[PDB]
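Participant: Please find one structure pasted underneath; my questions will follow.
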Number of protein chains: 4
Amino acid sequence: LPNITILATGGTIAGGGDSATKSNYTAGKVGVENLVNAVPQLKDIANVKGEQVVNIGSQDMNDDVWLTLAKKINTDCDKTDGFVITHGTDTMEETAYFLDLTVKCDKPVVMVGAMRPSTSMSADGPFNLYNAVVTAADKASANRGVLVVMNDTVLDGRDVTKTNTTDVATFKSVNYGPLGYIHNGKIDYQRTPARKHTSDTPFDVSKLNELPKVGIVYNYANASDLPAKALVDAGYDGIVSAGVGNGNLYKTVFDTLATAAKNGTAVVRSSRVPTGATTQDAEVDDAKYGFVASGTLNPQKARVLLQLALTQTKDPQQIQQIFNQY
Amino acid sequence: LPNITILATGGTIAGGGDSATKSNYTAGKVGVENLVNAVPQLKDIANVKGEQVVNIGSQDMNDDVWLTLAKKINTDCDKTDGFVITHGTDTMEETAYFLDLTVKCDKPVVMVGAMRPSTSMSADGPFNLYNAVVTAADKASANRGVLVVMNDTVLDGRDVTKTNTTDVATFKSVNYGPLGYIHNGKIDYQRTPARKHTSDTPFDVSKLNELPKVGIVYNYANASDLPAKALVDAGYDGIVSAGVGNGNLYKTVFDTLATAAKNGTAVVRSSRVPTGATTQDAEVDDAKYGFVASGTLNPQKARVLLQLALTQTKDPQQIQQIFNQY
Amino acid sequence: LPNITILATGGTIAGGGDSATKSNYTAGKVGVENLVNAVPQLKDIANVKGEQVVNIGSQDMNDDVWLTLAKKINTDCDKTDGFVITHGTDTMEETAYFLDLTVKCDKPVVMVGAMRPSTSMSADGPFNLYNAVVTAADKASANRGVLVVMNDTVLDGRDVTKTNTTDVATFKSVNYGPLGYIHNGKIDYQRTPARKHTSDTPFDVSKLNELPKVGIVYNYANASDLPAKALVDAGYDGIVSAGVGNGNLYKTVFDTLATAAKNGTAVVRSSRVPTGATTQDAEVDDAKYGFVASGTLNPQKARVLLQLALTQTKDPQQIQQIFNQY
Amino acid sequence: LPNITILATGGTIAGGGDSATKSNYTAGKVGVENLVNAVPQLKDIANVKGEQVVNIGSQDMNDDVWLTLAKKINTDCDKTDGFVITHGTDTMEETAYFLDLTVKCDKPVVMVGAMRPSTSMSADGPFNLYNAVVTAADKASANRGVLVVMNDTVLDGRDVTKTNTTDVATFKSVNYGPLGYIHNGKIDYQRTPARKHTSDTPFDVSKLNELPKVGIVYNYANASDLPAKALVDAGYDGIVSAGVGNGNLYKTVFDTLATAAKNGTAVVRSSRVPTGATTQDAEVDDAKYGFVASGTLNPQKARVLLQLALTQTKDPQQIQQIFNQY
Ligand SMILES: N[C@@H](CC(=O)O)C(=O)O
Ligand SMILES: N[C@@H](CC(=O)O)C(=O)O
Ligand SMILES: N[C@@H](CC(=O)O)C(=O)O
Ligand SMILES: N[C@@H](CC(=O)O)C(=O)O
């Protein structure tokens, strides 16, 4: 049977809450061995090893956990046939993309979480973790980058995003769609990501103890320049704009960032809008102000790639090329 | 024929850009008479009156325009059989909700914009404005609150949100769905909003020259408390959290706002997640910290209702009741 | 606590496999009392009683079970505070709509099923049933017609359809959306159906032992007229076209359905297309030929209405009327 | 500039009404040269030439046009840099897939249609055709099989289907998603189909004047076995079940299709359900009875594959093989 490492970093997948019929619970309170023995059917398909990395709620997720994650995956590559990370759903789309860029293992890394806590009636997490292990054990799952397996679906880490607050089917690759579906412990893969991933990137976090500070401002009607101004005062290496429509800013947030761009801050335009590209050659001359268009990458996902781009260069056009490649 | 007032505040619906096959253009550069005479078929269904309110891009939209808007609609109620506001698509979901709460006209107010500029090949705006006028002229459209009519669909202002950056079909009511569809200049309405709207609210902007400052922070991995802290320094009456999953915050953004709640700032939890409620009785004890759960209202939409709630009260539980009613 | 009767018909909610990990199962081999006792949390929210009506896979559902279900609900109406129907998912949309039109009872009738068998890991049916009892218990569910509760979502019988073959979230209201969502045993209803339903209809099945024969024919490239033909020859009372696009016919089906319609068969043009209305005033002169446009009714839903419409009149214009009203 | 041939078949792209405001029209009454000349921006991006193949409404599309189209494309393959097929929207999914399997040509074949007639206000077809010439001109479109370009979106012939009766955005890839999006004449391709296509298939239509007869039968509550029966009796070569749920049959259709399948008719179980696979290993012993599971192929797509599969073998296991591969 395939040697699958489970890496455990928390999430509702490992959270409980008194009544099976109450929505009240705590993230990251259950250990990796409980999870594993809660799904005895893993024994039949994998030689699972549990390792607890942290035990937090992914709302609390951070760079440290990311760096600890890439490292341990990269370091433990050749002692196992695939990895599975149990993770909170709230920021799984970020970690998954982070790992997607920083992991150099060709072998299946798969993230998985659960929208209902383990004490819930009809809890999602057992079958989630089952199918995630299945995915991790499929030969075909190799060389497709970091995966999220949720609700019977294999999603790529680049596009996977959380579309609903509570639905078990919340995870969806909302622009290019999923890679394959899971029936009966078998996957028919029909799609594979075309953007460069895992081993095909230059990113290398091996020797890194922290990441270039990057923050996110939201644009709305009458948007305040105060969030933006704050981040530059504090010397942020990067601001990602959560812009309106095709990545537009408010007048004040525009000027602040237009300045910031001329004074060394990288600025990437993305969109609060849930699907679709932030394009160049629309209403904002990106070359003129030195901005970068985030493409299909929503804000938080743009934040991930900004940080890792920043650890190569500070130049608007080198970054844009990285948004067009990765 | 029905006396329909068009109110013009800008948008791509009134923007152009050299080549019909280039995506480069300027918002708010075309006047209301050009728009009207660009769609001669309005003459057959309405007695249209054009009035230019401003001529901006809705990325630049603000409170002044909102207040000018409600007022003129409320004031001109009884000189016309319905209104239509031409608006940029970027923040139409906000204005539409604003108007939804502040307008006291039972008569059809309908917003409309276009995702392709008027010089574009196969431009959306003609037919958009046609069908919006149709909507404004339908008796059935009365008493359903402020409407967005886009891509052959009548959407309520509360739920209407912009789901795509570029698609002409971007506007969708992503939790409770549309109210009716438009075929052949006729609408079959099947749905009407159940939340209190227009005349059934207490909001009254008649005598108001400004609105309680409210801002939006975004939560992500390793979120900075700097945006939040900034807004409280400056004495904001309200912060809306763009939280992860079911409205969760990062540890730092949590504490800052937990403080802010104890020191007079209203704090409303919403979600960056595009569909679904921010619920109470989930992972965050709202009563304990004095927070308010934004419900199906995304951040920007929560911002609208926070501002207008703030002009009644500063108390967490009176506000929550307004999020549950409106 | 309310009194809630469960009319169990079968399906996968009541199906079984030899495995929680394999997908191979048999529908409706489990009694009603088993379903009730595997969800003892029902006790906190209602006084439940389960009666077995049939125990079939809903792929085999037929006119007799519907006549049984309906009158049984109308008859036993004031012995209970609410009804929950366990039912297979395959034809549930069809039953829901049928009870939607035939149920003269003024109490919540809620349909529920499962996509995973009860033996299956993370089986959806314990919590489905719970949520369906909640919906059927909530006083606010009255006056919304026959209802379907799947994946934390309350759906109207008219729009509800199965959008996916395997996914737990298959059931959606693809045109007008859901009536309400369910969190922590509570429903935030924001919507009600506008087409008249339940007691508002003239359809009285209480003396019928038998429904007009209505069959359905698929259109597609190079369509055979053999099925149309074979239904006319058995003197079916009505035929529904699952047409292409907006109710369009393949030329030999058009000939057969047109002749048949002059000779007294009713024929409805519906569409194989999964969302959107089959409208009038496109490419087919419905009035010329005696055809009825289905509207948003898909073929099998439109068969439900058409059957019930044939019990009132055999007149094309009058069936249009019903098709515009119910 | 590339050389792009346009094989025009008709549809609404080439349809006309008496009005830009009314919805009443006739499909395919406009010549190819008209289409080309109403979009003179084609000049900047290609050397276009339009040949008229037929001028039908695609609701009337049939096996002969497909045989014509296919060989004409294979024959005229190296006279051009690319092909664009104008075509009605109703059966376009069916043609696309057919050319997907039959086109041995190694150049972009792109299908395009319109949902609004050319006379209509904000008609979608000028820009559709433009975008289809872009797609057919882009060198990056090679090696992705026969393609469909609608609403700024490049879709693979296999997954693409018409999800809505009237909306300009009807065409989606409902299972695996789009191949690429189109902005400002440019395509960000992030995906390619994995099922083998075009030259990768053993289907050679180049000497066929005639395709195996394959019909389609709908399942629904109380289904008539009359259509199945009537197709067996005309010695159809194959039958597709538009089943309920995951390929399920109504009992009398099951009997008829099972007997027919032992007697040499091939029968595929597809599904009326608009998304998701008709899988094996659920409720039907496909192997026992000689049935083939369609997978993600919907009935009409599955008829395309089944027809072409009948030209290779009459053997159930071997048609499964094709159904797992193409
Ligand atoms: N707050 C949780 C949500 C979940 O896991 O369901 C998290 O850690 O993301
Ligand atoms: N930036 C534009 C976008 C549009 O109208 O299409 C606006 O004013 O919202
Ligand atoms: N064949 C089953 C499917 C299910 O219930 O999940 C039925 O319709 O009974
Ligand atoms: N009946 C038309 C529909 C369209 O093209 O929009 C066709 O399929 O030809």
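Each value in this text was obtained by applying a stated rule to the coordinates, not by laboratory testing. Here Cβ is always computed from backbone atoms with ideal geometry, including for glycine, and neighbour counts include all displayed protein chains.
Participant: By what distance, in whole Å, do the Cα atoms of the stretch A:278-326 stretch along each of the three principal axes, largest value first?
Facilitator: The Cα atoms of the stretch A:278-326 stretch 28, 21, 16 Å along the principal axes, largest first.
Participant: Can you list the trypsin sites (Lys or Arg not before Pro) in the stretch D:160-248 that are in a DSSP coil and have 15 or fewer other beta carbons within 10 angstrom?
Facilitator: On the way: sites: D:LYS162, D:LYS172, D:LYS186, D:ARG191, D:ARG195, D:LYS196, D:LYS207, D:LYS213, D:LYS229; in loops: D:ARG191, D:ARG195, D:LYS196, D:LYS207, D:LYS213.
Within the stretch D:160-248, the qualifying trypsin sites (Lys or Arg not before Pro) (loop, at most 15 other Cβ atoms within 10 Å) are D:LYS196, D:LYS207.
Participant: Please give the FRET efficiency for B:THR259 paired with B:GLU51, using the beta carbon to beta carbon distance and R0 = 35 Å, rounded to the nearest 0.05.
Facilitator: 0.15
Participant: Moving to a separate point now. Let me see the P(r) profile for the stretch A:144-267: every Cα-Cα distance counted, bins of 10 Å, each bin given as a percent of all pairs.
Facilitator: Bin by bin from 0 Å, the calculated values are 11, 27, 28, 26, 7, 1.
Participant: Going toward the positive end of the dipole of the stretch C:223-326, with +1 on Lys and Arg Cβ and -1 on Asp and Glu Cβ, which of C:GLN307, C:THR252, C:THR278 do you reach last?
Facilitator: C:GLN307
Participant: Report, for D:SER19, each distance to the same residue's label point in the other copies, shortest first and in nm; define the point 7 Å along Cα→Cβ.
Facilitator: Computed spacing set for this position: 3.8, 5.8, 6.1 nm.
Participant: In whole Å, what is the distance between the alpha-carbon centres of the stretch B:288-326 and the stretch D:1-54?
Facilitator: The stretch B:288-326 and the stretch D:1-54 have Cα centres separated by 53 Å.
Participant: Can you compute the FRET efficiency between D:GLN317 and A:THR119 using 1/(1 + (r/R0)^6), with r the Cβ-Cβ distance and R0 = 35 Å? Round to the nearest 0.05.
Facilitator: E between D:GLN317 and A:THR119, to the nearest 0.05, is 0.15.
Participant: Could I ask something else about it? Which trypsin sites (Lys or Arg not before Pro) in the stretch B:233-326 pass both tests, a DSSP loop state and at most 15 other beta-carbon atoms within 10 Å?
Facilitator: Sites meeting the loop and neighbour criteria: B:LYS314.
Participant: Which number comes out as Rg/Rh for the stretch C:213-326 once both Rg and the Kirkwood Rh are worked out on C-alpha atoms?
Facilitator: 0.91
Participant: Label point 7 Å out from B:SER206 along Cα-to-Cβ: which residues of the stretch B:102-131 have amide N under 20 Å?
Facilitator: B:102-109
Participant: Between copies, how far apart are the A:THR75 label points? List them in nm, one decimal, shortest first, with each point 7 Å from Cα toward Cβ, please?
Facilitator: 6.8, 6.9, 7.2
Participant: What are the distances, in nm and sorted shortest first, from the label point of A:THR192 to the label points of the same position in each other copy, with each label point placed 7 Å from Cα along the Cα-to-Cβ direction?
Facilitator: 0.9, 5.5, 5.6
Participant: D:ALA140 to D:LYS72: FRET efficiency via 1/(1 + (r/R0)^6), r the Cβ-Cβ distance, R0 30 Å, to the nearest 0.05?
Facilitator: 0.75
Participant: Could you give P(r) for chain C, binned at 20 Å from zero, as whole percent values over all Cα-Cα pairs?
Facilitator: Computed distribution, short to long bins: 34, 55, 12.
Participant: For the stretch A:93-165, what D do you get in µm² per second when you plug the Kirkwood radius from alpha-carbon pairs into Stokes-Einstein at 37 °C and 0.692 mPa s?
Facilitator: 260 µm²/s
Participant: Add -39500 (n - 2.57) for each DSSP H run of 4 or more in chain D, then divide by its residues: what number comes out at 222 nm, to the nearest 500 deg cm²/dmol?
Facilitator: My calculation for chain D gives -8000 deg cm²/dmol from helical runs alone.
Participant: Using the Cα centre of the stretch A:241-326 as the reference point, and only Cβ charges (+1 on K/R, -1 on D/E), how large is the resulting charge dipole? Debye, rounded to the nearest 20.
Facilitator: The dipole magnitude comes to about 260 debye.
Participant: Under a GNM of chain D (C-alpha, springs under 10 Å), which listed residue has the highest mean-square fluctuation: D:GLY157, D:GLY243, D:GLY264?
Facilitator: Highest fluctuation among the options: D:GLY264.
Participant: A further question on this structure: For chain B, set up a GNM with springs between Cα atoms under 10 Å and report which of B:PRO299, B:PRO40, B:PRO126 has the largest fluctuation.
Facilitator: Result for chain B, Cα springs under 10 Å: B:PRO40 fluctuates most.
Participant: Shape call for the stretch D:11-87 from the C-alpha gyration tensor, a ≥ b ≥ c root eigenvalues: rounded (a/c under 1.5), prolate (a/b greater than b/c) or oblate?
Facilitator: On the way: a/c = 3.34, a/b = 1.27, b/c = 2.64.
Cα axes put the stretch D:11-87 in the oblate bin.
Participant: Looking only at the stretch A:159-192, which residues have a backbone nitrogen under 13 Å from a spot 7 Å from the Cα of D:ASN324 in the C-beta direction?
Facilitator: A:186-189
Participant: Take every Cα-Cα pair in the stretch C:26-166 and report what % of them are more than 17 Å apart. It would help to have the intermediate numbers written out before the result.
Facilitator: Working: 5613 of 9870 pairs.
The share of Cα pairs beyond 17 Å in the stretch C:26-166 comes to 57 percent.
Participant: Using a 10 angstrom cutoff on alpha carbons, build the Gaussian network for chain D and name the most mobile of D:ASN131, D:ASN248, D:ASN37.
Facilitator: Greatest mean-square fluctuation among the candidates belongs to D:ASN37.
Participant: To continue, here is another question. For labels at D:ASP285 and A:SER199 in the simple 7 Å Cα→Cβ model, what's the distance in nm?
Facilitator: 4.5 nm
Participant: State the number of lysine pairs found in the stretch D:167-326 whose Cα atoms come within less than 14 Å, restricting to pairs 8 or more positions apart or on distinct chains.
Facilitator: 4
Participant: Over the Cα atoms of the protein assembly as shown, Rg to Rh with Kirkwood Rh, two decimal places?
Facilitator: Ratio value, two decimals: 0.94.
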